[PDB]
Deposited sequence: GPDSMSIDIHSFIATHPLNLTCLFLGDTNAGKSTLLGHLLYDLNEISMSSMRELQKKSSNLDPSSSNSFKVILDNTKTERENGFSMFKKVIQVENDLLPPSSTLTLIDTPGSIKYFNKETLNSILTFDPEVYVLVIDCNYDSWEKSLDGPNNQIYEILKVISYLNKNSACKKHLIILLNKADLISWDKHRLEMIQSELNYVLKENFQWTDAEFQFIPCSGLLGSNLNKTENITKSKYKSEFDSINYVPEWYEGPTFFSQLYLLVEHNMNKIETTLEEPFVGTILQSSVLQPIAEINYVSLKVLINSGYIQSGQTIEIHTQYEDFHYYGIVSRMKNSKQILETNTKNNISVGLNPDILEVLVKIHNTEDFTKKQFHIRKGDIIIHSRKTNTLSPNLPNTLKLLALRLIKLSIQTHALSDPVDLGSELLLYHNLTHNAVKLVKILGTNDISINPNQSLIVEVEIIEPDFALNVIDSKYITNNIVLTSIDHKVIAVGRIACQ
């Protein structure tokens, strides 16, 4: 009836680029300007955005960043608070491809809320580290070994050890206009980062590159001296490098048919009013495999016990910052599509007394109705971690935060396997056990060769201690 095989063959190959950096770096601005350069923002829509920007703080706002800072609360505050996911598909990209651009907040409060988890949730092929090269800003942004830029590097430099894939880091030396493309300054900043990346974080030349730019003026983003690229610069533009990365990503082995279906619930809303049969609208990021309408699924909550059996009523494209068609129904969802998935669930019990609570970070899988997918609910969690630079050792009984997929939970360090050591130390590779502190909470873990289960351990103050993976066995 339906050719599952054919749908996968006509599915464009996606590349995901994740933008990272401190607040005020210019991530939202640059990324808004990029979208404009790719003709994803109409002239009419643009003029409306300048008007909005006129009514806001002229110290914080411009017409490009308001494209990404599109919530009422972010516009009044003047900085990003929520991660944005934009999928681009047009004739400026390689054929049969999509470019996913992800914005993340830099302000430390919302960085700790969303950004670290975005790295683990969306599993980007490319990191884009945006840096403010304006005078005094750069010097202020590297205070000690735990500055916010190094905290980013303490994660992305060490994820997915043993490779099978290689890292791709683009460092955007931004706001070059505010320094009139000071050659010796840009070279200095580049020299400094190059050393740290190589000596402290073990990056190799092929894995990264520097690109000077101005996200506001659009200098060197794509294709009498302002909005100019100086004569001495002979490197590539930002988008040219993005293009190549998407293109080289084309030659990637696609194992979708083999993969089991796994999806992460990014957002959930129960249609009102509630009834004997209820309909839940889920925003789902597909982690692996595929899902088609009419199939039976299982929703597993972070609330330790709850599990819901339901049927996929319909699926739609998720609402995006760019204009898309959310009216039409989709037959098939594929890794890494983000879809609206309407789930039909029949209440076993009285529907008024007991109402289900489906939260972000919960997973959805195909129903194991009565090769079956192994699913674990863990309170005591074994972790295969590796440390590097550590200011202070981490003793047993320490309280930590465990980042996994879209969730972060307080845990207690309860055991260090294979040794009588009483603490985690610098530059080690350990097997460790942590315990969920929160009552009636359990971490959902899928044991499969097609799921990474990367994690990050931080202190309560959100200082990265180690990177690792859930050890299921």
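- Residues of the deposited sequence missing from the coordinate set occupy positions 1-5, 229-241, 389-396.
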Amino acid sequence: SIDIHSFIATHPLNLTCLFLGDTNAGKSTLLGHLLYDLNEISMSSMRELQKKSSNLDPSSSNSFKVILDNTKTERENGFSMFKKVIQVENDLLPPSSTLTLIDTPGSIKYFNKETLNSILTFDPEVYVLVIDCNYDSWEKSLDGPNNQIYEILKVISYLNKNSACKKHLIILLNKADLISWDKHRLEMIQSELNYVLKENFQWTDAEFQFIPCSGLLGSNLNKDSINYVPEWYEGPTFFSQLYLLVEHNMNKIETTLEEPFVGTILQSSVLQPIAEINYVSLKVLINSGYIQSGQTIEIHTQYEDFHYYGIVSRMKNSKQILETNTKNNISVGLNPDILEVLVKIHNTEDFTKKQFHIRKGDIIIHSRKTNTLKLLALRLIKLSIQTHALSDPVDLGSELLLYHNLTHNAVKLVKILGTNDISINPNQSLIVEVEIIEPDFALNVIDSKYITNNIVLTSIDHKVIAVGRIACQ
From here on, numbers count along this sequence of modelled residues.
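- The stretch 42-50 shows the higher mean C-alpha B-factor when 42-50 is compared against 27-35 in the entry.
- When the two stretches 125-133 and 294-302 are set side by side, the higher mean Cα temperature factor goes to 294-302.
- In this structure the maximum Cα B-factor among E258, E207, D103, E192 is found at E258.
- Among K316, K344, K382, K84, the highest C-alpha B-factor recorded in the PDB entry belongs to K316.
- When the modelled residues of the chain are ordered by C-alpha B-factor, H184 sits in the middle third.
- Per the deposited record, the Cα B-factor of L68 falls in the lowest third when ranked against the other modelled residues of its chain.
- Per the PDB record, residue ranking by Cα B-factor puts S96 in the middle third of the chain.
- Per the deposited record, the Cα B-factor of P236 falls in the middle third when ranked against the other modelled residues of its chain.
- In the deposited entry, the Cα temperature factor of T370 sits in the top third of values across the chain's modelled residues.
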